There are 2 protein chains.
Amino acid sequence: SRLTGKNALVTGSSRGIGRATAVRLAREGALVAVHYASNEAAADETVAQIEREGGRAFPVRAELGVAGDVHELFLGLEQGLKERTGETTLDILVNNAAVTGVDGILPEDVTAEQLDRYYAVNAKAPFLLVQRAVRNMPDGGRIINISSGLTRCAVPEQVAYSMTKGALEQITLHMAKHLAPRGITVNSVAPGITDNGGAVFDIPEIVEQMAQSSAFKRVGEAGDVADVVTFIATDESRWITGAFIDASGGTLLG
Amino acid sequence: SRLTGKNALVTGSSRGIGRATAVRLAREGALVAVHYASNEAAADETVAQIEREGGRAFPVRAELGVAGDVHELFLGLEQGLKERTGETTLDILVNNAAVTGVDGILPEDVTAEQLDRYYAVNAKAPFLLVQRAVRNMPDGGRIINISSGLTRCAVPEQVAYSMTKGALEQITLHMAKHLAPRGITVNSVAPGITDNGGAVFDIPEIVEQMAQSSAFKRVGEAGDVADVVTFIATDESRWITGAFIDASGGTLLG
Ligand SMILES: NC(=O)c1ccc[n+]([C@@H]2O[C@H](COP(=O)([O-])OP(=O)(O)OC[C@H]3O[C@@H](n4cnc5c(N)ncnc54)[C@H](OP(=O)(O)O)[C@@H]3O)[C@@H](O)[C@H]2O)c1
Ligand SMILES: NC(=O)c1ccc[n+]([C@@H]2O[C@H](COP(=O)([O-])OP(=O)(O)OC[C@H]3O[C@@H](n4cnc5c(N)ncnc54)[C@H](OP(=O)(O)O)[C@@H]3O)[C@@H](O)[C@H]2O)c1
Ligand SMILES: COc1cccc2c1C(=O)c1ccc3c(c1C2=O)C(=O)C[C@](C)(O)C3
Ligand SMILES: COc1cccc2c1C(=O)c1ccc3c(c1C2=O)C(=O)C[C@](C)(O)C3
C-alpha cells in the first residue's frame with residue numbers, strides 16, 4: 001500500500017495499458033480517476049474491477065485533442081476528487097491516452113489531418129494536461145508520460161505516431177528540469193508491442209511475428225508495462241527524473 | 001517481502017551504496033552475501049544491521065582485480081549459501097564494488113598502471129563475475145551493474161574512471177540479449193554524486209557545491225540509489241532489460 005491517501009489520474013484507462021495501470025495504482029491505495037473518451041462501458045469495467053478489489057475509482061469522460069478538452073477533464077476530475085476527499089489534490093498524472101491504432105500508415109499515405117490528430121492528442125494535450133495538473137500537485141508529485149520504443153526503432157508505417165512520441169519525450173526532458181525545484185518528477189516509460197486486448201492479439205500467427213521484436217520472444221502484457229509505471233509513481237523512484245525508462249521487454253537492444 | 005527465498009550477492013556492500021543496497025534487499029527477504037575487499041569491520045556492520053532488522057546475511061571477503069578473485073569470492077559465497085539454505089543458487093548479482101579517487105586524475109597524469117587498476121576492478125571483474133554467477137542462476141534472475149552518470153557527462157578529470165563505466169555498460173547491453181532466453185535481466189543503474197559516508201560528505205561547503213549537480217540541488221543519499229536497485233531486483237521489473245536507468249537525481253538535465 002505505497003500510495004495510501006494519494007490521488008491519481010490515468011488518461012485512457014478504459015482499456016489496455018491504462019486499465020492495467022489504474023488497477024495497480026488502486027491496489028496500492030490511490031484514488032484513481034479513470035479517464036476515457038468514448039468507451040464508457042470499458043471505463044465502467046476498469047472502475048468495477050478496482051471497486052471489487054477493494055479500491056476507489058471513478059470515471060471521467062473527456063475527448064482530448066479538441067477545444068475545451070483539458071477544462072472538461074479537470075471539471076470531472078475535481079468534482080470526483082472533492083466529493084470523495086474534500087480536496088482536489090492530484091499526486092500522480094499518467095499521460096497514457098493516445099491515438100495509437102495498430103494499423104500502419106506508410107509515409108506516402110499520411111495526411112495533414114492525421115498529423116494534426118496524432119499531435120493534438122499525443123503531444124499537445126499531454127503538454128497542456130501537465131500545465132493544468134501541476135496547479136493541483138503537491139511537492140513530491142509524479143508525472144509519467146507513456147511513450148513508445150518506436151522513438152528508438154525505425155518503423156516507417158508508424159512515422160506519424162512516432163513524431164508525436166518524440167515530442168512527448170521532450171515534455172519529459174524540459175519539464176523534469178522545470179519542476180525539479182518542487183520535487184515533482186517527470187519521466188517517460190516506453191512500451192514495446194503490448195497486448196491491449198485488440199483483435200490483432202487474437203491471431204496467434206501475427207502475435208508470433210510481433211513477439212520476435214522482444215529479446216524474450218513474447219509480446220508484452222499490459223501488466224508488464226503497468227508494473228513499471230506503478231513503481232515510478234511510488235516514493236522509491238524519487239531519484240529518477242527526466243529519464244527514459246525502457247519497458248519494452250528487451251526490444252531496444254538494436 | 002518481494003525477495004523471500006532469494007539469494008543475492010552485492011559486491012562492495014561493506015560501505016556506501018552497496019551497504020544501503022544489501023540492507024534493502026534483506027528487508028525484502030533476500031539472503032544477502034555482503035562482499036568486501038578488506039574492511040571486515042564495515043562488512044560485519046552491514047551484516048549486523050541486516051540481522052537487527054530481522055533478515056539474513058553473511059560476509060564474503062575477496063579482493064577484485066587480482067588473480068584468483070572470482071574463485072575466492074565464489075568459494076565464500078557458495079559456502080555461506082550452502083550452510084544457510086543447502087543450495088548454492090544465486091538469484092541476484094549486483095556489480096557495485098569499484099575503484100575511484102576522492103577528486104579524479106587529470107588526463108595528462110593518468111598512468112598505464114592506473115588504467116589497468118581501474119579496468120581490472122571496474123570492468124573486467126564485473127564481466128567475469130557475471131560469467132561465473134550465471135552457473136548458479138535460475139531462470140528469472142537479475143544482474144544489476146552500477147555505472148555512473150559520467151558516461152553521459154564530460155568531466156576530463158574522470159576520463160579513466162569513466163572509460164571503465166563505459167565498458168561496464170556494454171556488459172549490460174550484450175549480456176541482456178545473451179541471457180534473455182533464460183529470463184535473466186541485465187540492467188545498468190547510474191548514480192550521480194552520492195553520499196557514501198566518505199569524509200568529504202562531512203564538509204558542508206563542499207557538499208553544497210556537489211549538490212548543484214543534481215536538478216534537486218542536494219547530493220544523493222545511498223538509499224536513493226539503493227531503492228532503485230532494489231526495485232530492479234524484484235519481479236515487477238521483468239520487462240526492463242538491457243536498460244540504462246538514471247538514478248542521478250536529474251544530473252543529466254544540466
Ligand atoms: N500497446 C502497444 O503495443 C503500445 C506500444 C507502445 C506504446 N504504447 C502506448 O501506450 C499507451 C497505451 O496504449 P494502449 O495500447 O493500451 O492503448 P489502447 O488500448 O488503444 O487504449 C487507448 C486509450 O486511450 C484513450 N483515448 C484514445 N484516443 C483518445 C482521445 N482522443 N481522447 C481521450 N482518450 C483517448 C482510449 O479511450 P476509449 O476507450 O474511450 O477509446 C483508451 O482508454 C499509449 O500512449 C500508446 O501509444 C502502446
Ligand atoms: N558515490 C558516488 O558519488 C558514486 C557516483 C557514481 C557512481 N558510483 C558507483 O556506485 C558504486 C558504489 O559506490 P560507493 O561510492 O558506494 O563506493 P565506496 O563507498 O567507495 O565503497 C566501495 C565498496 O567497494 C569495495 N571495493 C572497492 N574496491 C574493491 C576491490 N578491488 N575489490 C573488492 N571490493 C572492492 C569496498 O570494499 P572495502 O570496504 O573492503 O574497502 C566497498 O565495499 C560504484 O560502482 C561507484 O563507481 C558512486
Ligand atoms: C521493432 O518494432 C518495435 C520496436 C519498439 C516498439 C515498437 C515496435 C513495433 O514494431 C511496433 C509496431 C506497431 C505499434 C507499436 C510498435 C512498438 O511499440 C506501438 O508503438 C503501438 C502502435 C503504434 O499502436 C503499433
Ligand atoms: C557533471 O557531473 C556529473 C554528472 C553525472 C554524474 C557525476 C557527475 C560528477 O560531477 C561526479 C563527480 C565525481 C564523481 C562522480 C560523479 C558523478 O557520478 C562519480 O561517478 C564517482 C566518482 C568518480 O568517484 C566521483
Side-chain angles (χ1 to χ4, degrees), chain A residues 16 98-104 118 147-155 157-158 160-162 165 190-194 196 198 200 209-210 212-214 220 246 248-249 251-252, chain B residues 10-22 34-43 46 61-66 69 73 94-104 117 120-122 125-126 145-155 157-158 160-162 164-165 168 189-198 200-201 210 212-214 219-220 222 225-226 229 246-249 251-252 254:
Chain A
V99 177
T100 193
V102 76
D103 296 308
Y118 280 118
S147 186
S148 173
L150 292 182
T151 64
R152 291 178 185 200
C153 179
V155 175
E157 72 181 15
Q158 294 292 349
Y161 168 85
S162 296
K165 297 302 200 177
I193 301 171
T194 311
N196 60 8
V200 71
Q209 297 162 8
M210 297 188 295
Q212 304 313 300
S213 60
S214 161
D246 180 330
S248 76
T251 305
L252 305 182
Chain B
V10 182
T11 69
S13 49
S14 53
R15 295 183 288 130
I17 299 169
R19 168 178 287 176
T21 299
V34 175
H35 158 272
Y36 67 100
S38 67
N39 194 339
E40 181 183 9
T46 303
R61 185 185 312 184
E63 177 64 8
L64 298 176
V66 302
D69 54 357
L73 195 164
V94 185
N95 277 310
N96 169 89
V99 294
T100 187
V102 171
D103 194 36
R117 178 61 173 170
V121 180
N122 295 359
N145 292 320
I146 310 304
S147 185
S148 170
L150 291 174
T151 62
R152 312 289 197 256
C153 173
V155 176
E157 66 272 26
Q158 299 291 359
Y161 169 84
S162 297
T164 71
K165 295 303 200 176
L168 178 74
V189 174
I193 300 174
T194 311
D195 182 342
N196 58 11
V200 75
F201 289 98
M210 289 187 307
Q212 306 310 307
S213 60
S214 160
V219 297
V225 177
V229 176
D246 183 325
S248 76
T251 300
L252 296 190

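For the numbers below, each heavy atom of this structure counts, side chains included, while hydrogens, waters and symmetry mates do not. Atoms within each ligand, like the ligands themselves, are counted from 1 in listed order. Residue numbers start from 1 in every chain, and the chains themselves are labelled A, B, ... in the order their sequence lines are given, proteins ahead of strands.
Taken from CD in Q158(B) to NZ in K165(B), the straight-line distance is 11.0 Å, to the nearest 0.5 Å. A distance of 10.0 Å separates OG in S162(A) from CD in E157(A), rounded to the nearest 0.5 Å. To the nearest 0.5 angstrom, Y161(A) atom OH is 4.0 Å from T100(A) atom OG1. Rounding to the nearest 0.5 angstrom, the gap separating the CG atom in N95(B) from the NE2 atom in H35(B) is 10.0 Å.
When hydrogens are left out, the protein atom nearest atom 1 (N) of ligand 2 is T194(B) O, 3.1 Å; that is the closest non-hydrogen contact. Nearest to atom 9 (C) of ligand 2 among the protein's heavy atoms is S147(B) O, 3.7 Å. The nearest heavy-atom contact from the protein to atom 15 (O) of ligand 2 is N196(B) ND2, 2.8 Å. Among protein heavy atoms, the minimum distance from atom 29 (C) of ligand 2 is reached at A37(B) CB, 4.0 Å. In this structure, the protein non-hydrogen atom closest to atom 12 (C) of ligand 2 is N96(B) OD1, 3.2 Å. Among protein heavy atoms, atom 32 (N) of ligand 2 sits closest to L64(B) N, 2.9 Å. Looking only at heavy atoms of the protein, atom 16 (O) of ligand 2 is closest to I17(B) N, 2.8 Å. Protein heavy atom in closest approach to atom 36 (C) of ligand 2: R15(B) NH2, 3.6 Å.
The closest side-chain heavy-atom distance from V229(B) to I146(B) is below 4.5 Å. For the pair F201(B)/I193(B), a side-chain contact is recorded, criterion being any heavy-atom separation below 4.5 Å from C-beta on.
Counting the atoms of ligand 2 from 1 in the order shown, those under 4.0 Å from a heavy atom of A62(B) are 32 (N), 33 (C). Of all atoms in ligand 2, numbered sequentially from 1 with element shown, those under 4.0 Å from a heavy atom of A98(B) are 24 (O), 27 (C), 28 (N), 44 (C), 45 (O), 47 (O). Near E63(B), with a cut-off below 4.0 Å to any heavy atom, the atoms of ligand 2 are 30 (C), 31 (N), 32 (N). Within ligand 2, counting atoms from 1 as listed, the ones closer than 4.0 Å to a heavy atom of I193(B) are 3 (O). For ligand 2, the atoms closer than 4.0 angstrom to any heavy atom of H35(B) are 33 (C), 34 (N). For ligand 2, the atoms lying closer than 4.0 Å to a non-hydrogen atom of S13(B) are 43 (O). Ligand-side atoms of ligand 2 in range of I146(B): 9 (C), 10 (O), 11 (C), 45 (O), range being under 4.0 angstrom from any heavy atom. Near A97(B), the atoms of ligand 2 lying under 4.0 angstrom from a non-hydrogen atom of the residue are 24 (O), 25 (C), 26 (N), 34 (N), 35 (C).
With a 4.0 Å cut-off on non-hydrogen atoms, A222(B) does not touch ligand 2 at all. The proximity of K165(B) to ligand 2, defined as any non-hydrogen pair under 4.0 Å, is limited to the side chain. Residue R117(B) touches ligand 2 through its side chain alone, judged by heavy-atom distances below 4.0 Å. If you look at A42(B) next to ligand 2, there are no close heavy atoms at all, none under 4.0 Å.
Contact detail for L252(A) and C153(A): the closest heavy-atom pair is CD2-CB, 4.5 Å. Taking each heavy atom of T151(B) and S147(B) in turn, the nearest pair found is CG2-OG, 3.9 Å. Residues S14(B) and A43(B) share a closest heavy-atom pair of CB-N, 3.5 Å. A pairwise comparison of heavy atoms in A125(B) and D69(B) identifies CB-OD2, 4.1 Å as the closest pair. Nearest heavy-atom pair across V121(B) and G65(B) is CG2-CA, 4.3 Å.
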Which protein N or O atoms sit under 3.5 Å from any N or O of ligand 4? Give each pair with its distance.
residue	atom	partner	partner atom	Å
ligand 4	18 (O)	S148(B)	OG	3.3
ligand 4	20 (O)	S148(B)	OG	2.7
ligand 4	20 (O)	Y161(B)	OH	3.3
ligand 4	24 (O)	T100(B)	OG1	2.5

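Judged by distance alone, with hydrogens and angles left aside, the side-chain atoms of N96(B) form a donor-acceptor pair with the main-chain N or O of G12(B) at under 3.5 Å. Panel note: side chain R19(B), backbone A42(B); a donor-acceptor pair is recorded below 3.5 Å. Looking at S13(B), its side chain does come within 3.5 Å of a backbone N or O of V10(B) through a donor-acceptor pair. Panel note: side chain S214(B), backbone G249(B); a donor-acceptor pair is recorded below 3.5 Å.
Considering backbone and side-chain N/O of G12(B), one or more are found under 3.5 Å from N/O of ligand 2. In terms of polar-atom proximity, defined here as any N/O pair under 3.5 Å, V121(B) makes no such contact with ligand 2. When only interatomic distances are considered, the shortest N/O to N/O separation between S14(B) and ligand 2 falls below 3.5 Å. On a distance-only criterion, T100(B) and ligand 2 share no N/O pair closer than 3.5 Å.
For the side-chain hydrogen bond (donor to acceptor under 3.5 Å, both in side chains) test, residues two or more places apart in sequence or in another chain that qualify with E63(B) are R117(B).
Taking a 4.0 Å cut-off on heavy atoms, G198(B) fails to register as neighbouring ligand 2.
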**Q.** Worked check of side chain to side chain contact (heavy atoms under 4.5 Å, CB included) between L64(B) and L73(B)
**A.** CA-CA 9 Å; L64(B) 298 176; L73(B) 195 164; 4.1 Å; yes
Q: Go through the steps to decide whether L168(B) and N122(B) satisfy the test side chain to side chain contact (heavy atoms under 4.5 Å, CB included), and finish with yes or no.
A: CA-CA 7 Å; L168(B) 178 74; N122(B) 295 359; over 6 Å; no
